[PDB]
Structure formats: structure tokens, C-alpha cells
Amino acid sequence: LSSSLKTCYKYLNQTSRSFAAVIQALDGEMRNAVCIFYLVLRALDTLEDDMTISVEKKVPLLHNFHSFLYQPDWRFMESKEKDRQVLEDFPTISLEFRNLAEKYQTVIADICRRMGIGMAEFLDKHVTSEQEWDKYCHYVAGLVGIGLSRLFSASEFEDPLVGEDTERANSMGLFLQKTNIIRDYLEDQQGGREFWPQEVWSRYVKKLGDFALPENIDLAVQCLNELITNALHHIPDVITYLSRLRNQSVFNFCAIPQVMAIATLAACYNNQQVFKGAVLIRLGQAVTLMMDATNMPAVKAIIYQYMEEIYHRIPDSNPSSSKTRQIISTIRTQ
């Protein structure tokens, strides 16, 4: 009924893409809680990406973003991005944020707050060690997973255990993030953003951008494959997180994004396309089309099938051939 709430769902469908539908499917209060949550995240996300905002002007924005949730007339008109509309009409979003029960307000504010400090910290530095790839991924994605779990339990739709287990919640995020950072290498390159860990790619090329020179494609796919091998290590936690859920609408919201992330890594493994444009998700084995990601056992079968897709395609000469089998074997066994 609200005009503002109506407006928040218009932005949800503008800014989002593949999440709007599963979010709107959420039971009861989560529906609005998660919608507003993604909107503020989308706004804070836009502030970080905007390169026309000097770092000295951006740091204060990121740090205090969370405090703007309580400033009715706050907003940013200087954005140049595409999703800048959530920023220009932020007061509309703030308004509904303050209509949420406060148990949701607390979680949302808290996450924005820690995410702001994290985004700022990385404003003037590229990711080095894998250990930091996890740190940067924890700030832009992990916290979101931790945030969502806390809102699920808050609402009483999921067991309080879901939200308490932050480590695994964090993994849900790290998996979707690394997978995305991996798929978008070229999109982020011809964009001026570098996310691939340096202590990794610096073992194959002089500059992360060199992986776009067809002359280093073989070395590029070796790095892609190493990073993919890395992301895979989060699957076990993923399966543990999902296995805990008891609300269908939540399950769907959570299981789907992960299964597409898996199919994606599968489509990208030892795949040259990653460095020449877009890698299209396809179809693996009959059963994948036979059963759908709406129940736990099925999500497992779907995942194991993608795992084999990669397994069966592991080059014996790949610098990471063995570790790739190691984690895949661990996943399918235990």
C-alpha cells in the first residue's frame, strides 16, 4: 500500500536482477527486511564503485553510511554510476528502513557499519595474499551472508542456530563473491578494477592485465583454475549452512544463488572464454534437469554433478591438478 514501499520494490527490481524474485517470495517480515537490506547494500556498494569520488571524500561516506540510515534527508546527488538512483532517493529507502521492526534495523545498521570500515580499508590497495582475498570478500559478501542469517533467525522463521553460526554464513558469501570476482575478470579489467589476488597471479604474469593478452592465455587459464580450486573449498560449509534451513522460502533464496555459482565455476573451469568475453552457463547431466534446487538432497546431487563436470576435465599438467581433485574428492566423500 505504501507509496515508498512500492518504490523500494521498484528499485529492488532495477538494481537487482536475479534476486528480486526470490526475495519477494520470502515469508512474512523477511520479505521487506531483506528488500530494504539489499537496497542499502546496493547504495553503499555504489558509493564504493564510484571512481569519480575522491578517496578522501569516499572514506567518510563509507564509515558513516550506517548513520545516514537515521538521517531522513540524507542522500547523494553526485553519483555517476548506474544504480545511483538508490542514493539520490535514499530518504525514501531510509524511511522504510525505519519502519522495519528494530530487531532487523540493528542487524542491518551493524552490517553496513562493519562493511563501511572494510570497504574504506581497501579503497587504496589491491588484494595481495589469498588471506586478504578472504578479508576483502568477507567485507563485501561474507557480512551479507552473516547479515541475512541474523535476519532469518530474528524473524523466527529459521532456528536461532542459523544466525549464530557466522563462520559458515561467512562462507556463503565468500563463495558467491570469489566466483563473481573470477567470472568478471575481463569485465573488471576493461573497467579498471583488480580483484584477483596478487600473491597468486603474480606467479604467472607481470601484470594482472596481461591475462587479457591471447599470448598468455595458457598461463591465464592456470591462474583461473587455481582460483577456482580455491573457491571450491567453501562448498562443504555451503552444504552445511543449507542443510540447517527449515523454511522453504528461505531455502530457495539461499540454495539457488549458490547452485548458479557452482554451475558458473563449472562453466569457467579451464575455460579460455573467461578471458575473451562472457562464459555462458549451460546444462550438465539429466538429473540436474530431473530434480530442482528446492530440497536439500537435490541441491547436493546437483552440486556433486557439477563437481564431476570439473573433475572429468582436469588437465594432468595443470599446476593445480592435484589440489583440484583433493578438494573435489573431499566434497564428494564426506
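Numbering starts at 1 and runs along the sequence shown.
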Inset, instruction - Higher average CA B factor in the deposited record is what I'm after, so tell me if that's 296-304 or 267-275. - result: 267-275
Inset, instruction - Select between 286-294 and 37-45 the stretch whose C-alpha atoms have the higher average B-factor in the entry. - result: 286-294
Inset, instruction - Could you say which of 121, 159, 199, 237 has its CA atom at the highest B factor, as listed in the PDB entry? - result: 199
Legend entry - Residue selected from 98, 114, 193, 135 by maximal Cα B factor: 193
Inset, instruction - Can you work out whether the C-alpha temperature factor of residue 23 puts it in the lowest, middle or highest third of the chain? - result: lowest
Legend entry - Cα B factor band for residue 54 (lowest, middle or highest third within the chain): middle
Inset, instruction - Using the B-factor values recorded in the entry, state whether the Cα atom of residue 214 falls in the lowest, middle or highest third among the modelled residues of its chain. - result: highest
Inset, instruction - Compare the C-alpha B factor of residue 260 with those of the other modelled residues in its chain, then answer lowest, middle or highest third. - result: middle
Inset, instruction - Taking the chain's C-alpha temperature factors as the reference, tell me which third residue 252 falls into: lowest, middle or highest. - result: lowest
